[PDB]
Amino acid sequence: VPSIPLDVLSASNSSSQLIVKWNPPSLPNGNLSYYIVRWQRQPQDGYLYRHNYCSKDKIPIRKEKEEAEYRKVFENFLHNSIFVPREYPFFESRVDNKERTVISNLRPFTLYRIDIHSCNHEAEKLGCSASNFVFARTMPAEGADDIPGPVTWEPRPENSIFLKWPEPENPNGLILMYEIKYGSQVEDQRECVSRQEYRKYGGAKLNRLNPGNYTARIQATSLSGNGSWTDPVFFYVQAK
Amino acid sequence: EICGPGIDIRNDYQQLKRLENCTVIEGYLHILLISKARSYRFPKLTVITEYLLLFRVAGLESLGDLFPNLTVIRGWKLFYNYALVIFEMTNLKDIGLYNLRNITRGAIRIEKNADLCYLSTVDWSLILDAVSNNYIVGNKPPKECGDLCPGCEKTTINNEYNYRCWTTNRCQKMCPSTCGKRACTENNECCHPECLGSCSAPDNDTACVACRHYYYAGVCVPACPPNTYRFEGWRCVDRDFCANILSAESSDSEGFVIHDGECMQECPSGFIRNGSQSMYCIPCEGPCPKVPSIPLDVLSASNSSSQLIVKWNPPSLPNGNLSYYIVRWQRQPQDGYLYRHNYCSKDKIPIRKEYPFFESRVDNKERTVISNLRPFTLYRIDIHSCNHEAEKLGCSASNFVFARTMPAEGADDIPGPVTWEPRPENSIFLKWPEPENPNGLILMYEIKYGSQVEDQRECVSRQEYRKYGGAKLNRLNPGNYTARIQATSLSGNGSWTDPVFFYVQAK
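These protein sequences, in sequence, are chains A and B. Residue numbers for the first sequence follow our numbering, so the first one is 1436 and each next one is one higher. Residue numbers for the second sequence follow our numbering, so the first one is 358 and each next one is one higher.
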């Protein structure tokens, strides 16, 4: 059985695309035939979206040789065990000719596992080598995490304002939180809105505002980073 | 049961059941190529003599599924100087093993566990000796594992201090310094000194899980009584037991032999059996028939506020006989970057796709302790290593490390009473004293306050306290109120104040 493919490496050059590179196996044990590549979605982290990123977080801490025996130890055992030298599915494709391939139409900003196998002329009967495998994330759709529609607003008691806006239907990965920028003459005030609040309310109530006219904007943070700010929101607090 | 004299386990989890009755393993353990055919648990296992090997175990997610109580590895014999090897554990995601209290002999090797989290959440220097010999490579990048402890204790990990965890559910449990070098039971009552790890009762050689020196008839003991003899480096056995043990089938298979009060399968180098096959070895009188480098591996810790311990290895190129090392150290300034930022409002976002040099000189050995230190200062350490000729050429360039002192416990708690005043719009202004000697710095304050219960919390920056000496709470509802405040020091949160009681009238 051939070795696993060597030097499996990959990148994403486009949203919905991944490029993958590797080297032929160290020991063909026969004339090499082909490689088999498999890939599997990793899930969007439910473990992560449980965290309230508007809550606390930790402080960022700043700002002569002979030991190849360590393999002989296994090879000699294997040679004495034999007699003598004589959440999601895998997708799969099999390599024709070259130690490179590109996978496309992937979920944008999803993480994938990729497995690559290397097969010799006898692998058709013996089977192919085990996989070498890697993880990579697809490019974000730039601004796809920006707010997919208009903001809406309503007054609330105690000179409060509730702002209502649609959630992005597809994030880059996840919607973590929203930022609200707002103020009377100028948008001095800034608020962090957790995903759990939006999930409850579909929005947030800004409360106990000082009197006056106001403007605002909101910005989402996806796992690909901040989205765009909303269009401005215009609102007012009556003195009377 | 004491299983042995050597276990090679491979292929199937149903063979793993052989441990159902084992609690100590005499000889090696091999665990190879397992990939599931399921739960299995072996809390009976507590001590391994010799080494542990795991190799290409797919299907296993964490070792705390199997061996929560594996408390000591003696390592009396080693795989190429390793007492533990973990290799290619393609699905291993956390160690667990959360009762692991000591590894006596041997180095550590940890390789290609590309999904293994909880890599550096363990203070290896608390468990094992020459950690400089460890090897941790190709595993899951800790920067992107993003380990978590709950929220359990923290310690001066090299230049850092950080929380210590075996896994998200278990911290790297250890005794207080009230036991010193002594072990302890779970509620920190110190063990017997001959004991190792936890004890079902303190100071009782009959209540040990394992013995450091030797074992006999349920008793941990420093050395074998006269008619009792050292066996496999861990227990005493009588003269006639080893006389009844037959070695591996071989042309030279013979009974065991007794020497220095050890029992052995064959005589040690420089000794041979007496010609009667014999119980004793005898020595053969003839030959038996057939400029410095920088210092290495500089490492340091704080056991105590105002103290630092530093350990290192001899230099790579003595270029002579080595004479000694010269250590210099200097107080580093606390980062001026840190003072300006409003950590009560900065959060960042994720993304993916001035002081003197001291000098002292070492006589003989690569260890020293420095004292009368600032209880929470960061120090740069420069170590020079000098051979006999560094006197004329000058001495080597430095190998260097950073370390921070053990924080002064409660030095960051609020030193005096809180004061309060009314303000308009049903507002309250709170003024309170700054800690005199904060562990480095006070970054911010948390205020806990409320009418019936302290639902509301606020963060106060050090700059705000410098301007106002306090903070104003505004547009409260009427009623009676209580509050407390908490500081965040660089050493972490301080203590809460005693409660503050105050009230807001509606008019």
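C-beta: ideal position from N, C-alpha, C; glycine also.
Item, Value
"Buried or exposed by the 16-neighbour rule on C-beta atoms within 10 Å, applied to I639 of chain B", "exposed"
"Whole-angstrom distance between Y712 of chain B and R688 of chain B, CA atom to CA atom", "6 Å"
"Three or more C-beta pairs below 8 Å linking the region 1646–1661 of chain A and the region 1614–1625 of chain A", "yes"
"Cβ shell of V494 of chain B (< 6 Å), same chain only, five flanking positions each side left out", "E468"
"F588 of chain B versus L505 of chain B: straight-line alpha-carbon distance, rounded", "42 Å"
"Straight-line Cα distance separating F714 of chain B from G693 of chain B", "21 Å"
"Every unbroken beta strand (DSSP E) within the region 627–662 of chain B, with a cutoff of 3 residues, ordered by chain", "628–630, 638–640 and 653–658"
"Minimum Cβ-Cβ distance from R832 of chain B to chain A less than 8 Å", "yes"
"Below-8 Å beta-carbon distance, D1623 of chain A vs any chain B residue", "no"
"Chain A contact residues for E517 of chain B, given Cβ-Cβ distances below 8 Å", "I1496"
"Cβ neighbours of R718 of chain B in the same chain (closer than 7 Å, five flanking residues each side left out)", "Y681 and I683"
"When B:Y822, B:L730 and B:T762 are compared against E791 of chain B, the one with the closest alpha-carbon", "B:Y822"
"Given 8 Å, three or more beta-carbon pairs between the region 638–654 of chain B and the region 740–757 of chain B", "yes"
"Member of A:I1551, A:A1639, A:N1594 and A:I1538 whose CA lies at the smallest distance from the CA of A1674 of chain A", "A:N1594"
"Other residues of its chain near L656 of chain B: CB distance less than 6 Å, five sequence neighbours each side excluded", "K668"
"Chain A contacts made by the region 761–775 of chain B, where a contact means CB separation under 7 Å", "none"
"Backbone CA spacing between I666 of chain B and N660 of chain B [nearest angstrom]", "7 Å"
"Extent of the continuous beta strand (DSSP E) run through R1529 of chain A", "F1525 to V1530"
"Cutoff 7 Å; reference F424 of chain B; Cβ partners in own chain excluding five residues on either side", "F399, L402 and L454"
"Reference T854 of chain B; option with closest CA among B:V861, B:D472 and B:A844", "B:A844"
"DSSP-derived helix/strand/coil call for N850 of chain B", "strand"
"Residue from A:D1580, A:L1658 and A:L1611 with nearest C-alpha to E1604 of chain A", "A:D1580"
"Meets three-Cβ-pair contact criterion under 8 Å: the region 473–484 of chain B and the region 549–560 of chain B", "no"
"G1584 of chain A, buried or exposed, once every other Cβ within 10 Å from all chains shown has been counted against 16", "exposed"
"Within chain B, the residues that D1492 of chain A reaches when beta carbons sit closer than 9 Å", "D704 and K705"
"Chain A contacts from the region 563–574 of chain B (Cβ-Cβ distance under 9 Å)", "none"
"Within chain A, partners of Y437 of chain B - CB distance below 9 Å", "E1502, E1504, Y1505 and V1508"
"Nearest to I391 of chain B (by Cα), restricted to the options B:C528, B:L373 and B:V488", "B:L373"
"Three-state secondary structure assigned by DSSP to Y696 of chain B", "helix"
"Where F1568 of chain A falls, given that 16 or more other Cβ within 10 Å makes a residue buried", "buried"
"DSSP bridge partner residues for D451 of chain B (one or two, in chain order)", "B:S419"
"Residue interval of the beta strand (DSSP E) (run including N744 of chain B)", "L735 to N744"
"Inter-residue Cα distance where the pair is residue 865 of chain B and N368 of chain B", "Absent from the model: residue 865 of chain B. The displayed extent of chain B is 358 to 864, so no value can be given."
"Cβ pair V576 of chain B, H570 of chain B closer than 8 Å", "no"
"Minimum Cβ-Cβ distance from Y694 of chain B to chain A less than 8 Å", "yes"
"Residue-chain proximity (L1658 of chain A, chain D), Cβ-Cβ < 8 Å", "This model lacks chain D altogether, as its protein chains are A and B."
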